[PDB]
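Report on the following structure.
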There are 2 protein chains.
Amino acid sequence: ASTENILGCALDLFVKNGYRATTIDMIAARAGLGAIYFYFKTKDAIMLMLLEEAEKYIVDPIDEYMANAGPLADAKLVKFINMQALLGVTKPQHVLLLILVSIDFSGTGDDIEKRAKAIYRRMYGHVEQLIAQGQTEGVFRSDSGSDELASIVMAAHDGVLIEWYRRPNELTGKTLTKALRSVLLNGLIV
Amino acid sequence: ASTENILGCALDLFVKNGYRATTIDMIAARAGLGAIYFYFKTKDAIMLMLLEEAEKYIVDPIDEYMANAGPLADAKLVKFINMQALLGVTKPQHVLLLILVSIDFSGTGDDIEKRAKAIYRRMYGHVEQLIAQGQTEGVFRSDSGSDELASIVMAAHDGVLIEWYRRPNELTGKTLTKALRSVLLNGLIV
């Protein structure tokens, strides 16, 4: 709990300030603690640990929940969309780390970025598989590759979350979910 | 040109390192220059100036190009999508600033973030208007608000760009454009 307390405060600070601006001193004060160094040697160690939490909450569960959704790929896609929305409400900080730590701009450095890139690819792979299945079933269109279509699904998902970070006083994590689902399934055209 | 040289190098560095890790010393060395301080008093000043460039390249042109696209809203949406793809190929760094400087995680601070948030909203507004027009025309669906649908279009766009930053050796700025257009217009379902 002293450990959870550290991780959660770090996570809040990274999200509000960025990784570079956040310091162990700041995390320690917020967490209510020298103490911090005995749990984690460095700030580094703290982000890496946060990435593992993210993988556990966001990514580890996907294979089973997808397998068990159905009967066809459309129901599975809806399930993925609904699970992501739920994570966006309840664990948005973890989601944001996966989306942004996995690019240079975040300022974490290559070791941390590489771990996030890997976790992202694991998630994406499940989406690409789902799309491919639907194409086999005749549920989803086949005029584009499952790889490209999956990227679109992940891109929309990433953007929606970032948009909450952009305008929290005007929307919630769920505000955009129906529109997201509607567009991904049937598009804008009547 | 000495000014362009500074801005372009700063922009490259911010994108690769993040804003906080980048220093005027680093920008000055890359740019081939005390000199820097006479053009720009601070790093700050440099990002703000980059935000103005971004508004000029990305946002200022939208109203006219949209007005002149047609005849109906579908053609206009395609035009917006194609223009954004083009910016993603040619001025990706500027696009990335608008998407990410407009949230806390980027680490720029409130003044800079607020300017980016404003520029973003201006772009979004044009998209919301386009969607609303299409709804009036009977081209686009009306079971969701034009505000929510517009957010989905912007979200997909933001994510696609970030995905290039994520995996540049596996895709280009254009790789995802057909799939993006296809999904936004007609969705995944056959």
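Letters A, B, ... go to the chains of the structure tokens in the order shown; residues in each chain start at 1; ligands are counted from 1 in the same order.
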What are the nearest atom pairs, with distances in Å to one decimal, for all residues of chain A that come at most 8 Å from chain B, using only C-alpha atoms, set out by chain and rising residue number as JSON lines?
{"residue": "A:14", "atom": "CA", "partner": "B:105", "partner_atom": "CA", "distance": 7.0}
{"residue": "A:15", "atom": "CA", "partner": "B:105", "partner_atom": "CA", "distance": 5.2}
{"residue": "A:16", "atom": "CA", "partner": "B:104", "partner_atom": "CA", "distance": 5.3}
{"residue": "A:17", "atom": "CA", "partner": "B:107", "partner_atom": "CA", "distance": 5.6}
{"residue": "A:18", "atom": "CA", "partner": "B:105", "partner_atom": "CA", "distance": 4.4}
{"residue": "A:19", "atom": "CA", "partner": "B:105", "partner_atom": "CA", "distance": 7.6}
{"residue": "A:20", "atom": "CA", "partner": "B:20", "partner_atom": "CA", "distance": 6.7}
{"residue": "A:21", "atom": "CA", "partner": "B:107", "partner_atom": "CA", "distance": 7.0}
{"residue": "A:74", "atom": "CA", "partner": "B:189", "partner_atom": "CA", "distance": 7.8}
{"residue": "A:102", "atom": "CA", "partner": "B:166", "partner_atom": "CA", "distance": 6.3}
{"residue": "A:103", "atom": "CA", "partner": "B:166", "partner_atom": "CA", "distance": 5.2}
{"residue": "A:104", "atom": "CA", "partner": "B:16", "partner_atom": "CA", "distance": 5.3}
{"residue": "A:105", "atom": "CA", "partner": "B:18", "partner_atom": "CA", "distance": 4.4}
{"residue": "A:106", "atom": "CA", "partner": "B:18", "partner_atom": "CA", "distance": 5.8}
{"residue": "A:107", "atom": "CA", "partner": "B:18", "partner_atom": "CA", "distance": 4.9}
{"residue": "A:117", "atom": "CA", "partner": "B:166", "partner_atom": "CA", "distance": 7.3}
{"residue": "A:138", "atom": "CA", "partner": "B:190", "partner_atom": "CA", "distance": 7.2}
{"residue": "A:139", "atom": "CA", "partner": "B:190", "partner_atom": "CA", "distance": 5.8}
{"residue": "A:140", "atom": "CA", "partner": "B:189", "partner_atom": "CA", "distance": 4.5}
{"residue": "A:141", "atom": "CA", "partner": "B:190", "partner_atom": "CA", "distance": 5.0}
{"residue": "A:144", "atom": "CA", "partner": "B:179", "partner_atom": "CA", "distance": 6.2}
{"residue": "A:148", "atom": "CA", "partner": "B:176", "partner_atom": "CA", "distance": 6.0}
{"residue": "A:149", "atom": "CA", "partner": "B:179", "partner_atom": "CA", "distance": 5.9}
{"residue": "A:151", "atom": "CA", "partner": "B:160", "partner_atom": "CA", "distance": 7.4}
{"residue": "A:152", "atom": "CA", "partner": "B:180", "partner_atom": "CA", "distance": 6.1}
{"residue": "A:153", "atom": "CA", "partner": "B:156", "partner_atom": "CA", "distance": 8.0}
{"residue": "A:154", "atom": "CA", "partner": "B:159", "partner_atom": "CA", "distance": 7.4}
{"residue": "A:155", "atom": "CA", "partner": "B:159", "partner_atom": "CA", "distance": 3.9}
{"residue": "A:156", "atom": "CA", "partner": "B:156", "partner_atom": "CA", "distance": 4.0}
{"residue": "A:157", "atom": "CA", "partner": "B:155", "partner_atom": "CA", "distance": 7.4}
{"residue": "A:158", "atom": "CA", "partner": "B:159", "partner_atom": "CA", "distance": 5.7}
{"residue": "A:159", "atom": "CA", "partner": "B:155", "partner_atom": "CA", "distance": 3.9}
{"residue": "A:160", "atom": "CA", "partner": "B:155", "partner_atom": "CA", "distance": 5.4}
{"residue": "A:162", "atom": "CA", "partner": "B:103", "partner_atom": "CA", "distance": 7.6}
{"residue": "A:163", "atom": "CA", "partner": "B:155", "partner_atom": "CA", "distance": 7.3}
{"residue": "A:165", "atom": "CA", "partner": "B:103", "partner_atom": "CA", "distance": 6.0}
{"residue": "A:166", "atom": "CA", "partner": "B:103", "partner_atom": "CA", "distance": 5.2}
{"residue": "A:175", "atom": "CA", "partner": "B:148", "partner_atom": "CA", "distance": 7.9}
{"residue": "A:176", "atom": "CA", "partner": "B:148", "partner_atom": "CA", "distance": 6.0}
{"residue": "A:178", "atom": "CA", "partner": "B:144", "partner_atom": "CA", "distance": 7.9}
{"residue": "A:179", "atom": "CA", "partner": "B:149", "partner_atom": "CA", "distance": 5.9}
{"residue": "A:180", "atom": "CA", "partner": "B:152", "partner_atom": "CA", "distance": 6.1}
{"residue": "A:183", "atom": "CA", "partner": "B:187", "partner_atom": "CA", "distance": 5.8}
{"residue": "A:184", "atom": "CA", "partner": "B:187", "partner_atom": "CA", "distance": 5.0}
{"residue": "A:185", "atom": "CA", "partner": "B:187", "partner_atom": "CA", "distance": 4.8}
{"residue": "A:186", "atom": "CA", "partner": "B:187", "partner_atom": "CA", "distance": 4.0}
{"residue": "A:187", "atom": "CA", "partner": "B:187", "partner_atom": "CA", "distance": 3.9}
{"residue": "A:188", "atom": "CA", "partner": "B:185", "partner_atom": "CA", "distance": 5.0}
{"residue": "A:189", "atom": "CA", "partner": "B:140", "partner_atom": "CA", "distance": 4.5}
{"residue": "A:190", "atom": "CA", "partner": "B:141", "partner_atom": "CA", "distance": 5.0}
DSSP-assigned helix (DSSP H, G or I) among region 71-160 of chain B, expressed as a PyMOL selection string: chain B and resi 73-90+92-100+104-106+110-137+146-160
Counting only C-alpha atoms, the option among A:55, A:62, A:93, A:171 closest to residue 9 (chain A):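 Residue with the minimum atom-to-atom distance to residue 9 (chain A): A:93.
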Residue contacts of residue 47 (chain B) (9 Å, only C-alpha atoms) excluding same-chain residues fewer than 2 positions away, as a ChimeraX atom specification: /B:7,10-11,14,19,43-45,49-52,108,112
